[PDB]
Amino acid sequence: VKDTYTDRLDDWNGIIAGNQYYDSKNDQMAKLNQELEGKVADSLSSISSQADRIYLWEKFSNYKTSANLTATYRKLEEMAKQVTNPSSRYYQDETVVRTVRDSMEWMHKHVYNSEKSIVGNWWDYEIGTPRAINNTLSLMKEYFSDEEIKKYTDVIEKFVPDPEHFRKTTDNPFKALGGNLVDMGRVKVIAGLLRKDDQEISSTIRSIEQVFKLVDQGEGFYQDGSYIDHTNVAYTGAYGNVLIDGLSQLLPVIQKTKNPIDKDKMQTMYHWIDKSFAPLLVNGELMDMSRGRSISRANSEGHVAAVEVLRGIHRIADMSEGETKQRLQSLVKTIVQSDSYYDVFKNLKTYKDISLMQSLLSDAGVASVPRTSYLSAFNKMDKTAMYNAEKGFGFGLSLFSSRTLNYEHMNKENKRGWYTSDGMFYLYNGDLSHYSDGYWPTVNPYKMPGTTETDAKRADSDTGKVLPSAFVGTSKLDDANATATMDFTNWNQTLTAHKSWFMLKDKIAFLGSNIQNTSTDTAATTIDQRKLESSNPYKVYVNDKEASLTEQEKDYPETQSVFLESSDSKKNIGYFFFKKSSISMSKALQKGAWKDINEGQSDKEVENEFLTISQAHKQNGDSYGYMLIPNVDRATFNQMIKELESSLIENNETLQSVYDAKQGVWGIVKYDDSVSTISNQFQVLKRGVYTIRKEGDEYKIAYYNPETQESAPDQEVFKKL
C-alpha cells in the first residue's frame, strides 16, 4: 500500500507497459497504442456478459486446453495497460476497471485456483498465466487491495512454490535453468513484490544467478557460444531469446532491491551477446538453424525472432555505461539498419522499447558501421555460422551428432523438420526474405538443401534422434576459413555418406563420398532448393548456356556448372562441379499451409516457387563434389571456375580435400589414421578435421578431433614434407 514494493512495481510497470513514456505525437508509439486499443475493444465486445457464464471468451472456452488459460489472462493484461494510460480511450473507464476486477474473481473461482491441478501443458499453469496475472495486478495495483492481490497470487504459490524447479506439483518436476529459469524470476520476483514477500524475492534472485554461469555439459551457454536446451537441442535462437529478453526486463528491478546482482556476474551477459547471439544475426535475421521448433510458427519468422534478441541487447546497453553501452548500441544500430526487409518497430511492444530504439537510431554519436567478416564454429551444438562482409553473404551449416538431437518436433510443432540437420545449409544473400514469406510451410521437406537422402515416405508423428556417430565437427582456422564433416547415417540406417564442407572465404565446397544405399528407395543429394522472387527472376545457365527450367524434372548429364543470374549480383548463385556430373533441375510452384507443420497454425494455403537442383546416386560408393560461389556476376563466375578447375585434391572413403590456391589454404577431412601427403608439401597424420594456411615457408594449422572434441599438438597431426 504505497511502500518500497510499489516503488519497484512502478519500475516494472514502466518496463512492461511504459505508459509514462507515451507521446501521442510519436508516430511509432501512437501506432502501438492503436493496436492495444483495438485489442481491448474486441475483448470488451465479445466477453460474456450473461448470468453464470461458462467461459469469459468463447475462443478460449475450452479450459481443458492449457492455452485458453493464459490467452484469457493475457486479455486482462491488455486491459490493465490501457486503463492506466492517460491517452487511451479506456483511461480510468469504470467498465474496464470493473471488468478486470470482476474477471479476476470468476477465473479464480472456477478455473485457476489453489485447489486445482495442472491440465494440459504445465507451462501455462506455472509460467504463462502467472506472468499475465502478476502484470495485471502490478499495472492496476491502485484498483486492488493488498488482500485481493495476496488472494489472487496464492494460486501461483501453489503451482510454483519452488524457484529452483518446475512441475513440482506434478509427479516429474524438473530443474529450472536458462530461458525457463528467467521466466521463473518473472513469476516469483514480481509475485513476491506484489505479495510483499522479502523471502520470495531474495530466494528467487539467488536462484536466478545460476543463469550467469557457463556449462561444459547439459543445458545452458557454452564457452564456445553454443547454447543448448531441452537436454540436447541447439536452441540459442528460441530459448536463448527468452533468457536475454526476460532477464533484460527483470534486471533493472532486481538491481534496485536489497538483493542486487554483482556487476561481474553480468560480465558474462556481454559474452552471450558477442559470442552466442551476434553471429546468428545476418541482415536482421536470426538464423533458423538455432530456433528449433519455432521455425514452424507463422508470426515468428527469422527477422521477427531477431527482434526479441535486439530489444534485450538494447535494454542491456541502456543498463551499462561508457564504452560497453556505446558498443552494444552500435551493434543494435548497424544490425537494425542493415535490415531493408523487416521494420524492427513491428516487434517493439512497449513504449520504453520504442523510445529506446528511436533515440538509438537518431543519435549521430552512436556509430553504425557494417559488421565485419566472421566465422563461428558452435561445436557444442553442431552448428556453424559464416559471414563475408566484403561480398556480403551469410552461410549456415546445420548438423547433429551423437551429442545432439537432429530436430525437435514437440507440442505438435515442426512436424516435418526431419532433415533440417542432415547436413542442411543456409545461404543468406541479397534476398533478405528468402526464409520468410511462408518458406517453411512451402519448402519440400524431403529435399532440404545440402542433404543426402532416400525418397522413403516419412511420418509427421516421428520425433528427433541423435546420430550414431560422434564424428561431426568444424575445424576453424580463422574468421574466413574452416572445414566441417559429418559421418552421416540416415534415420533408418539404410544410407550413409561422408559429407564434408570447405568454407574458403568467398565460397564453400561440398564433398560427399562413400554413399551407400541398402534399401530399394532412391537416393539423391539436394544441391539446392531456392525460394524464388517473382520480382527478381533468375536466368539459369547450365554449362554457361541459357537453359529453360520446367516443373518437370529436366536431366543434365555431363554438367560442369550451373549459374543462377539475377539483375542484382548480390543474389547470384553459382555451382561448379569439380567433375562433370549428372544433375536434374526443375522450377515449380509449391503450396502448403502452416498447419501442415504446426497443428496450432493456420490452415490458410500458402505458396512459393522453388528452383530444385539434385544429383542421384544409383550405385554404392557414389559421391558428389561441387563448389558454391555466391554474389559474383556471370563473367567472374566463369573466371573463377577456371582457377578452381584443379582445386579438388581428393574425395574418397578415407580422405576429402579442397585446395584454394589464391589463398594458399587447404581444407582436409581424414576418416582414418593413415599418412596423407597433400600437394607434395606436407603430410597429415590423424583422423579428424583440418584447415591449413601456408604463409611463406611457414604453415598455420587448425586441427580438430570431433569425436573427443579436442585439438592436438601439431607434431601429432602435421608433418611438413
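Numbers for residues come from their place in the sequence shown, where the first is 1. Superpose the two forms; the largest set of C-alphas matching within 1.5 Å is the rigid core.
- Superposing each structure in 6 other deposited structures of this protein on the rigid core shows that the farther-lying of 487-495 and 135-143, by root-mean-square Cα distance, is 135-143.
- Where the structures in 6 other deposited structures of this protein are fitted on the rigid core, 170-178 is the one of 418-426 and 170-178 whose C-alphas sit farther from the shown form on average.
- Comparing 151-159 with 244-252, the higher mean C-alpha B-factor in the PDB entry belongs to 151-159.
- When the mean C-alpha temperature factors of 256-264 and 206-214 are read from the deposited coordinates, 256-264 comes out higher.
- The maximum CA B-factor among the listed residues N406, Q82, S145, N490, taken from the PDB record, is found at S145.
- Per the deposited coordinates, the residue with the largest Cα temperature factor out of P468, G120, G473, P441 is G120.
- In this PDB entry, the Cα temperature factor of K116 sits in the top third of its chain's modelled residues, the highest group.
- For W666, the recorded CA temperature factor ranks within the middle third of the chain's modelled residues.
- Placement of the Cα temperature factor of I127 within the chain: highest third of the modelled residues, per the deposited record.
- Annotation for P713: CA B-factor lies in the highest third of the chain's modelled residues.
- When the modelled residues of the chain are ordered by C-alpha B-factor, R186 sits in the highest third.
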